[PDB]
Amino acid sequence: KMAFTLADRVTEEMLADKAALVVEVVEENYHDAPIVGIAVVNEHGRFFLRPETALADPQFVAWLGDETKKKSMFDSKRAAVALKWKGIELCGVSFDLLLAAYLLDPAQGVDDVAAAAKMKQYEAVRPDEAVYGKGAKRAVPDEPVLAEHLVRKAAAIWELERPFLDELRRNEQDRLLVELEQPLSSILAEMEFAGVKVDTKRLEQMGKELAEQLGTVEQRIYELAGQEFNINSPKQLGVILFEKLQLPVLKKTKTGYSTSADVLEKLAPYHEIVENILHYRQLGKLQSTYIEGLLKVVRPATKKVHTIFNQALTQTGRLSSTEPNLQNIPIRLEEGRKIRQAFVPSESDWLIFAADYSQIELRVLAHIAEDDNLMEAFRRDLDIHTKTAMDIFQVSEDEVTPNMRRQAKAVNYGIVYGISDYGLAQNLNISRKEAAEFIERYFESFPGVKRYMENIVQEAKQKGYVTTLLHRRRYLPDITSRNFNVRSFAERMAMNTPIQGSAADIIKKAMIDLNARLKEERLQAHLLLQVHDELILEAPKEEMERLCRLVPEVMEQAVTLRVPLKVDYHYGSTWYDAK
DNA sequence: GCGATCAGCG
DNA sequence: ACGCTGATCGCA
Ligand SMILES: [Ca+2]
């Protein structure tokens, strides 16, 4: 029903200097995945290509790799990484409909061309789910059906770039697309394809010792409980604690007794079993997610894991990381932190280099709220978390344990993002009256923060949305809801999203500038991971001293705020030692 | 599939 | 009754 050429060879009119390009990878994880078909729409017509012909044709390969031949795409990172696994470089992507859609409205959850097209009343393309099926029924259709679907996606991309660019421009988001998100897409593609090497011998040895300690703690739990049970069974666990042992019920879930770690910590005066259960769960978490789960995704020939950074998922502009998640590798407990010893450089005589912003959201908040005292604090490079711990526990700076600092950290963010006196009383094990008075005293010292929280909620109600420093936008329709609980959740999004999102804009800008400086200095160093406010790189040993000067400077100069940005950095033989 | 839970990020 | 995530597991 749409005219296109089912091409047998590549011809010169398919290689125009501007085109819409579809390089179709059906598998959710695109690493090393098949490319099932290619479509090209340009001023000369519409074309479908079989991958085994086009990707072995040297004029098409060169066209893909020519930066001056501009391509409009949907999810260019997926295509660029799948092509890298084919030994082919994709350059010249000048418009990415996924990232355009995500900037205009992150809550659409746009995951295919049909969903983005609908935003502009374009419906001459089908949802990917309707063409391929779902679950065990998923299949590549017959070539005529495939070709027409890939041509329709390309034709849609071709039509939609202009209306998306126009709305982006009206939102002040077009430089955000073209100068930030789209260049970041190519950097993430390199990071994902390079991967992270893993010491599988060390992991597997940790797994065996973990399995030994797991059984022991099981038996101490069975003994303390009198009997056996499925320590992960909420009904059987709930029955042991709250019926057999008759511990108080501090919290219920929609399903029944809560056994979350906060409950169990409060029950520790009552019985020794709850601490063994916490230790059991923690050991089980390391074994399931970080030992077995990671060995499951290691590519065996290279011992590399290749995460996927979702760049158009979070409602704040943060990345997320999937399969494996390399943004939530343990660090706080020493047992879990040793897993970071299995993450190693990919070449001998290379090192891991990590750098991260300290207290970035509080600095962003100081700049945006223009709170005099909070700006002064950061102009002094004070450690707000340690200072707040000193205040809470009535101790001195040397007496601040790491755990009391983690506590103060959650108080600092909690208060600015709307924790109630109840919530803070629960977290510090203090009375509710002392929690309310503490909070009022915190805003006495930072009245500009309080003004800003009130102003940003009223601005959300008037505009319908909130924005970040680089004009990322999040719509908040529940901000005028009549239900109190719905409206309250939306108000705390208005308080938090401009700050967390601005901090995500800054690290993205820093990654782009870092890559350019690394190329300007001709270093072999390259990014491996982003963890929200940290960058992880690997480089030859011989470049570490350069990176110690270059990387903190690039990150600190990514933007100019009314307070300085501060960056800490470490390097070493494994990710564990890069702290 | 979904909720509870927990790992990370602020 | 601070916010943003992803993976695992049991399933009142
Ligand atoms: Ca940090």
Side-chain angles (χ1 to χ4, degrees), chain A residues 106 135 230-239 242 251-264 277-278 281-294 296-297 307-310 313-333 335-337 339-340 356-365 384-385 406 409-427 432 435-436 439 453 474 484-485 488-504 506-507 529-534:
Chain A
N230 198 289
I231 313 177
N232 317 81
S233 153
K235 300 198 63 177
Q236 246 177 327
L237 177 62
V239 164
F242 305 126
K251 179 190 164 204
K252 285 181 180 196
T253 60
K254 282 295 178 180
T255 320
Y257 306 130
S258 176
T259 60
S260 47
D262 54 355
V263 163
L264 298 192
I277 278 151
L278 290 180
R281 275 164 177 187
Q282 293 159 6
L283 289 175
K285 184 86 146 176
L286 304 174
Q287 183 83 287
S288 298
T289 303
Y290 301 111
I291 298 293
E292 297 176 6
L294 208 54
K296 190 165 320 182
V297 288
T307 191
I308 287 176
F309 291 102
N310 314 304
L313 195 149
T314 68
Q315 304 299 302
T316 55
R318 278 189 168 191
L319 309 177
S320 78
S321 167
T322 303
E323 197 163 306
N325 190 347
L326 300 183
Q327 290 181 326
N328 74 338
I329 300 305
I331 202 169
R332 63 173 192 89
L333 309 166
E335 313 149 288
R337 181 178 173 249
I339 274 154
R340 288 175 181 231
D356 68 285
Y357 294 107
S358 72
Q359 308 174 97
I360 182 82
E361 274 182 37
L362 292 175
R363 297 176 181 259
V364 161
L365 170 63
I384 299 295
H385 304 320
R406 298 185 178 105
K409 185 191 292 184
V411 174
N412 285 321
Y413 291 112
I415 290 186
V416 304
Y417 298 134
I419 200 176
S420 69
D421 55 59
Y422 176 91
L424 177 67
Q426 295 299 320
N427 285 340
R432 190 147 156 207
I439 293 168
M453 296 281 97
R474 182 183 188 175
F484 169 82
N485 220 18
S488 301
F489 274 90
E491 291 174 348
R492 302 192 298 267
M493 295 179 183
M495 300 176 185
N496 173 82
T497 291
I499 310 304
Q500 188 190 107
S502 294
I506 297 169
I507 187 110
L529 304 183
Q530 187 253 50
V531 195
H532 303 309
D533 62 340
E534 344 183 18

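In what follows, every heavy atom counts, from backbone to side chain, and hydrogens, waters and symmetry copies are set aside. We name chains A, B, ... by the order of the sequence lines, and we start the count at 1 in each one.
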Open item on the list: Is there a side-chain contact between A/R492 and the phosphate of C/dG3, meaning an N or O under 4.0 Å from OP1 or OP2?
Closed with: yes
Open item on the list: Without decimals, in angstroms, what is the distance between A/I277 CD1 and B/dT5 P?
Closed with: 13 Å
- [ ] Using atom CZ of A/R406 as one end and atom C1' of B/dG10 as the other, report the distance to the nearest whole Å.
- [x] 15 Å
TODO: Report which part of the nucleic acid A/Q315 touches: base, sugar-phosphate, or nothing (heavy-atom distance under 4.0 Å, all strands).
DONE: sugar-phosphate
TODO: Look up atom CG in A/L283 and atom CG in A/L278, then write down how far apart they are to the nearest 0.5 Å.
DONE: 11.0 Å
Open item on the list: Taking the sign of the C1'-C2'-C3'-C4' torsion, positive for north and negative for south, which way does the sugar of B/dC2 pucker?
Closed with: south
TODO: Please check the phosphate of C/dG3 (OP1 and OP2 only) for any side-chain N or O of A/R318 closer than 4.0 Å.
DONE: no
TODO: Measure from CG on A/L326 to P on B/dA7 and round the result to the nearest Å.
DONE: 17 Å
Open item on the list: Mind checking if A/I360 touches a base, just sugar-phosphate, or nothing, with heavy atoms under 4.0 Å?
Closed with: sugar-phosphate
- [ ] Mind checking side-chain hydrogen bond (donor to acceptor under 3.5 Å, both in side chains) for A/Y357 and listing every partner two or more places apart, or none if nothing turns up?
- [x] none
- [ ] Tell me whether the sugar of B/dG8 sits north or south, going by the sign of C1'-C2'-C3'-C4' (positive is north, negative is south).
- [x] north
Open item on the list: Within this structure, what is the CD1-OG1 distance for the pair A/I499 and A/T316, rounded to the nearest 0.5 Å?
Closed with: 11.5 Å
Open item on the list: Measuring to OP1 and OP2 of B/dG8, would you say a side-chain N or O of A/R332 lies under 4.0 angstrom away?
Closed with: yes
TODO: For A/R363, answer base if it contacts any base atom (sugar-phosphate contacts may also be present), sugar-phosphate if it contacts only those atoms, and nothing otherwise; contact means non-hydrogen atoms under 4.0 Å.
DONE: nothing
- [ ] Could you check A/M493, A/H532, A/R318 and say which one makes a side-chain contact (heavy atoms from CB on, under 4.5 Å) with A/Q500?
- [x] A/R318
Open item on the list: Could you tell me how far apart A/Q287 (CD) and B/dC6 (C1') are, to the nearest whole angstrom?
Closed with: 16 Å
Open item on the list: Nearest 0.5 angstrom please: A/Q359 CD to A/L365 CG, how far?
Closed with: 11.5 Å
TODO: Identify which nucleotide among C/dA1, B/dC6, C/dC4 has an atom closest to any side-chain atom of A/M493, counting heavy atoms from C-beta outward.
DONE: C/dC4
Open item on the list: Run the salt bridge (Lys or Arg N to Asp or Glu O under 4.0 Å) test against A/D421 and tell me which residues pass, sequence neighbours left out.
Closed with: A/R432
Task: Spatial distance of atom CZ (A/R281) from atom CG (A/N232) [nearest 0.5 Å] - done: 7.5 Å
Task: A/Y290 side-chain proximity, nearest of B/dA7, C/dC4, B/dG10 - done: B/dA7
Task: Which nucleotide in B/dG8, B/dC6, B/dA4 has an atom nearest any side-chain atom of A/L278 - done: B/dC6
Task: Spacing of A/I329 atom CD1 and A/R340 atom CZ [to the nearest 0.5 Å] - done: 7.0 Å
- [ ] Rounded to the nearest angstrom, tell me the gap between atom CZ in A/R281 and atom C1' in B/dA4.
- [x] 9 Å
Open item on the list: Regarding A/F489, tell me which of base, sugar-phosphate or nothing describes its non-hydrogen contacts under 4.0 Å with the strands shown.
Closed with: sugar-phosphate
Task: B/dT5 OP1/OP2 closer than 4.0 Å to side-chain N/O of A/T259 - done: yes
- [ ] For nucleotides 7-12 of chain C, just jot down a letter per nucleotide in 5' to 3' order: B, S or -, based on protein non-hydrogen atoms under 4.0 Å.
- [x] BSSSSB
- [ ] State which of C/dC4, B/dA7, C/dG6 makes the closest approach to the side chain of A/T316.
- [x] C/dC4
Task: Rounded distance (Å) that lies between atom P of B/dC6 and atom CD1 of A/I329 - done: 18 Å
Open item on the list: Using the six-membered base ring of C/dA1, report whether A/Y422 stacks on it, requiring centroids under 5.5 Å and planes under 30° apart.
Closed with: yes
Task: Touch class at under 4.0 angstrom, heavy-atom based, for A/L286 against every strand present - done: nothing
TODO: Answer with yes or no whether A/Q500 presents, from its side chain, a donor or acceptor under 3.5 Å of a partner atom in the base of C/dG3.
DONE: yes
- [ ] Nearest whole angstrom, please: distance from the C1' of C/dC2 to the CG of A/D262.
- [x] 14 Å
Open item on the list: Using a heavy-atom cut-off of 4.0 Å across all strands, would you classify A/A261 as base, sugar-phosphate, or nothing?
Closed with: sugar-phosphate
Task: Separation of A/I419 CD1 from A/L424 CG (nearest 0.5 Å) - done: 5.0 Å
TODO: Establish, with yes or no, whether the OP1 or OP2 oxygen of C/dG6 is under 4.0 angstrom from a side-chain nitrogen or oxygen of A/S320.
DONE: yes
Task: Nucleotide B/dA7, atom P - distance to CD1 of A/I339 in whole Å - done: 11 Å
